[PDB]
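The sequence shown lines up with residues 0 to 224 when you count with the deposited numbering. Every residue, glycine too, gets a C-beta built ideally from N, C-alpha and C. Structure first, commentary second.
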Amino acid sequence: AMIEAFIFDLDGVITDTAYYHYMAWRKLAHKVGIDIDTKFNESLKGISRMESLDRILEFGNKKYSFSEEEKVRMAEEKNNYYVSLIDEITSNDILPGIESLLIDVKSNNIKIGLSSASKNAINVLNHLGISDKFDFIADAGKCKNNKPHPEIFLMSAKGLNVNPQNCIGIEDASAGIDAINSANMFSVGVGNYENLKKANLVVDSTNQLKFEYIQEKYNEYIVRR
Ligand code: NA
Ligand code: NA
Numbered sequence: 000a001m002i003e004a005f006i007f008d009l010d011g012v013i014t015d016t017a018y019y020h021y022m023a024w025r026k027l028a029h030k031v032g033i034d035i036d037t038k039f040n041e042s043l044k045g046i047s048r049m050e051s052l053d054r055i056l057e058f059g060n061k062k063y064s065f066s067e068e069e070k071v072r073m074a075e076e077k078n079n080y081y082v083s084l085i086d087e088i089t090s091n092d093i094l095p096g097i098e099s100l101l102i103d104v105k106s107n108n109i110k111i112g113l114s115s116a117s118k119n120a121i122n123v124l125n126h127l128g129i130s131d132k133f134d135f136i137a138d139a140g141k142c143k144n145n146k147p148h149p150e151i152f153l154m155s156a157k158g159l160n161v162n163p164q165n166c167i168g169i170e171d172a173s174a175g176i177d178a179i180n181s182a183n184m185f186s187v188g189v190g191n192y193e194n195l196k197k198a199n200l201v202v203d204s205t206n207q208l209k210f211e212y213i214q215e216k217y218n219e220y221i222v223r224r
């Protein structure tokens with residue numbers, strides 16, 4: 000019952016991008032009479048670009064009032080602004096304990112994957128300086144279903160050519176945790192316990208993501224699954 004892989008989400012596990020997306024979406028949203036707050040945005044978190052835009056427009060009952068071309072234009076302006084913000088990310092922005100985890104996973108001959116809904120995930124990993132640590136990066140551009148649908152996590156399992164039942168999925172949002180469990184994987188949640196209650200394991204912060212602790216908990220889950 001050995002682990003075949005650790006599949007990570009990007010935002011809130013490898014590094015923090017949620018605030019940058021929010022700053023970028025907030026600017027475009029104001030231009031259509033919609034002012035999103037860090038509470039509403041918490042439902043745009045880990046969501047793909049065009050879906051995220053539709054939810055923002057929805058919030059103002061104008062999701063169906065724009066043509067997709069016009070939505071394409073709006074998305075572009077937002078993307079350019081988001082890309083400008085993340086281009087200042089460095090290795091110092093890697094969440095605490097992640098590098099050490101990435102190393103230990105690799106020393107235990109276990110694959111590593113990233114299942115992020117962002118087509119900017121590659122750009123971010125290169126700025127962090129750890130793109131070489133990832134065996135497979137799911138292409139959000141080919142994913143047709145956002146979390147909590149398990150597609151993005153199944154894509155990394157397919158990509159790495161491993162059994163999802165032997166995979167560990169790490170995430171900080173409830174939608175992602177639902178996607179991980181729906182992919183029949185061991186789910187590890189990072190953050191608030193109440194919001195991440197459906198996770199198989201919940202830790203407080205990325206510093207709590209220790210390899211031996213994750214493995215001991217994984218073995219427990221497998222025996223009881
Ligand atoms: Na996340
Ligand atoms: Na599970």
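- Item | Contact the region 92 to 99 vs the region 30 to 45: 3+ CB pairs below 8 Å | no
- Which residue's Cα is closest to the Cα of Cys142: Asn199, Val104, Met154? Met154
- Neighbourhood of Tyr80 by C-beta distance below 7 Å, restricted to the same chain and skipping five residues each side: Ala23, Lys26
- Task: Following the continuous alpha helix (DSSP H) through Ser106, name the residue where it begins and the one where it ends.
- Result: 97 to 106
- Would a C-beta distance cut-off of 8 Å place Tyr212 and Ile167 closer than the cut-off? no
- Alpha carbon to alpha carbon, how far is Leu124 from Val82? Give it in angstroms, no decimals. 13 Å
- Item | Expected contact under 8 Å - CB spacing of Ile109 and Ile2 to nearest Å | 5 Å
- Task: State yes or no: is the C-beta of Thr16 within less than 8 Å of the C-beta of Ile129?
- Result: no
- Query: Apart from the five residues just before and just after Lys77, which ones in its own chain have a Cβ nearer than 7 Å to its Cβ?
  - Reply: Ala23, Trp24, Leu27
- Below 8 Å between beta carbons: does that hold for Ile6 and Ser106? no
- Query: Can you tell me where the beta strand (DSSP E) with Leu113 in it begins and where it stops?
  - Reply: That run of the beta strand (DSSP E) goes 110 to 113.
- Task: Pull up the DSSP beta-bridge partners for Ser186, would you.
- Result: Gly168
- Message: I want to check one thing, is the minimum distance from the CB of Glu170 to the heavy atoms of ligand 1 below 7 Å?
- Response: yes
- Message: Rounded to whole angstroms, what is the Cα-Cα separation between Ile46 and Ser173?
- Response: CA-CA distance, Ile46 to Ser173, rounds to 12 Å.
- Task: Pull up the distance between the alpha-carbon of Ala74 and that of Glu68, whole angstroms please.
- Result: 10 Å
- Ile129 by DSSP, collapsed to three states: which one? coil
- Query: Cα separation between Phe152 and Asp34?
  - Reply: Note on geometry: alpha-carbon atoms of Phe152 and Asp34 lie some 31 Å from one another.
- Task: Compute the Euclidean distance between the alpha carbons of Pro95 and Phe185, then round it to the nearest angstrom.
- Result: 22 Å
- Query: For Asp177, does the three-state DSSP call read helix, strand or coil?
  - Reply: The answer is helix: DSSP assigns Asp177 an H, G or I state.
- Query: If you run the structure through DSSP and keep just helix, strand and coil, what is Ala4?
  - Reply: strand
- Message: For a test of the three-state rule: what should DSSP assign to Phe39, helix, strand or coil?
- Response: helix
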